[PDB]
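So you can see what is in the structure, the chains are spelled out below.
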Amino acid sequence: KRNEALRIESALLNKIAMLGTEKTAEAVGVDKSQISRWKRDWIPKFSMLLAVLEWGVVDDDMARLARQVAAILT
DNA sequence: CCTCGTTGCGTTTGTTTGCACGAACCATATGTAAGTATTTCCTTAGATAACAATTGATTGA
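Okay, so let's go over this structure. (Residues numbered from 1 in each chain as written, not as in the entry; some residues may be left out. Chains lettered and ligands numbered in written order. Part of a larger assembly, values for the part shown. Heavy atoms only, no water.)

**Notes on the pattern of salt bridges**
Piece 1. Scanning all chains against the criterion turns up 4 salt bridges.
Piece 2. For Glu54, the salt bridge goes to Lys1, with nearest N and O atoms at 3.7 Å. Here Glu54, found in the loop between α4 (43-53) and α5 (60-73), pairs with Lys1, found in the segment before α1 (2-19); they are 53 residues apart in sequence, far enough to count as distant. Each member of the pair, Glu54 as well as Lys1, is classed as exposed.
Piece 3. Two residues, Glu4 and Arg7, come together in a salt bridge whose shortest N-O distance is 2.8 Å. A residue pair is termed a helical-turn pair when its members lie 3 or 4 positions apart in one helix, as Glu4 and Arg7 do in helix α1 at 3 residues.
Piece 4. Judged by its relative accessible area of 26%, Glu4 falls in the partly exposed class. (Salt bridge = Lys/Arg side-chain N within 4 Å of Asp/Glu carboxyl O. Helix = DSSP H or I, 4+ residues; strand = E, 2+ residues; numbered from the N terminus. Buried < 20%, exposed > 50% of the residue type's maximum accessible area, 1.4 Å probe, protein only.)

Take a look at the structure:
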């Protein structure tokens, strides 16, 4: 669960970074500072919970690989 | 000499930090007990020598 927690934290932080701390705050309903500080404080803890809760999702690179394979075959 | 690559500067977009501000949850401080109830213990071992101070008896006047 340790490495799953690390993976989930990395995926979450990547999603926030891609969407944008400012944009993520605007969509969530908080201030950019709140997202910036959740990234430091709770995202690791929530990530460990997800690792235990077994909510891990497919890594996006392998997702792109699967999409490409499904396009090439079909 | 003109022209093109490198740097100084400002601009735009985006992110983390420093204060101040509720909110809530626990930590502290304080108060209130209405059968009667009434003067404490406990500890500790086999030194020895020297020196003053203090207190008590003896004696010169």
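**Quick notes on the environment of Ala51**
Piece 1. Within the element layout of this structure, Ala51 appears in helix α4.
Piece 2. Overall, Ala51 belongs to the buried group, its relative accessible area being 1%.
Piece 3. Each C-alpha atom of the pair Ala51 and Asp41 lies 17 Å from the other, and the pair is 10 residues apart in sequence.
Piece 4. Contact partners of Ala51, with chain neighbours within four places excluded, come to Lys1, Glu4, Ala5 and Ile8. (Contact = heavy atoms within 4.5 Å.)

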